[PDB]
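Shown here is one chain on its own, the form deposited in one PDB entry, set out as structure tokens.
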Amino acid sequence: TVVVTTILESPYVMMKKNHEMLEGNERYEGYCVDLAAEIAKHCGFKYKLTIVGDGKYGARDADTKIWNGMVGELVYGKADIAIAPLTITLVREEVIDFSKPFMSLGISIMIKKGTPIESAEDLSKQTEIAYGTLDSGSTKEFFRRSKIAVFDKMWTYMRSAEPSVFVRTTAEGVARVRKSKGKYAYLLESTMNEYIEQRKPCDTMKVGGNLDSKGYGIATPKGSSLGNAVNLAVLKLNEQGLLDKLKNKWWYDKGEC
């Protein structure tokens, strides 16, 4: 029985409204829930879904240099695999094995429909329409370390923008965009931006291209034999068109706009 570590993140892994009457992996539904099922069938193994304790994805603490989240639960032999929207990064790659990305993404711009913004350069060229990110995370860090002119300017603006353009959560960012009457833009993951875009009141949308390129990947303990079989699974699921099917399923079929 393979211990699968994941995290509650809609539409990846969520609990059904009636998860009370259900039990086991049946309580959950979502993109990663179906993917986990597909990976297990192509690899031939029984799995049990568990939610990462600290609700973190994976980061090494500067102080204790200890890994937390789903990445930590892997490097310390607590879980056999990680099936969630885990982004493939250098530091992470160094401590765990990553299969080829099962979904692409990148920092994108979320504006309230009607907002006269077309790209990142447009935002950096003005201030009448405030824009921000999470007051903590990779999105924020992305600008704090960007050598690109457009992004470097955006960082200077944001860090000195008044009132504060940083939000504490994704919910706050989305709500602020919906309440600012087109006077505020939020920078978040494309997958999450295009997901909200399919949710009523349907007043938001993604604009322009992503400011960068990332990709989620299934993770296994560095050196785990299970990693190879899972990688081929991903590639096969992608080639057969299944990954595009699961995407269209939880993002558009269940759409609302």
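So that the term is clear: the rigid core is the largest set of C-alpha atoms that superpose within 1.5 Å between two forms. All residue numbers refer to positions in the sequence shown, first residue = 1.
Another form exists, deposited in another entry; not displayed. Remarks below refer to it.
Enquirer: Would you indicate which listed residue, out of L105, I96, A79, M158, moves its Cα by 2 Å or more between the shown form and the other one relative to the superposed core?
Expert: After core superposition, the single residue displaced by 2 Å or more is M158.
Enquirer: After a rigid core superposition, would you say the CA of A40 moves by 2 angstroms or more between the shown form and the other one, or not?
Expert: The answer is no; the displacement is under 2 Å.
Enquirer: Would you say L49 moves its Cα by 2 Å or more between the shown form and the other one, aligning on the core?
Expert: The answer is no, as the C-alpha of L49 shifts between the shown form and the other one by less than 2 Å after core alignment.
Enquirer: With both forms fit on the core, is the shift of the CA atom of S190 between the shown form and the other one 2 Å or larger?
Expert: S190: C-alpha displaced by less than 2 Å between the shown form and the other one.
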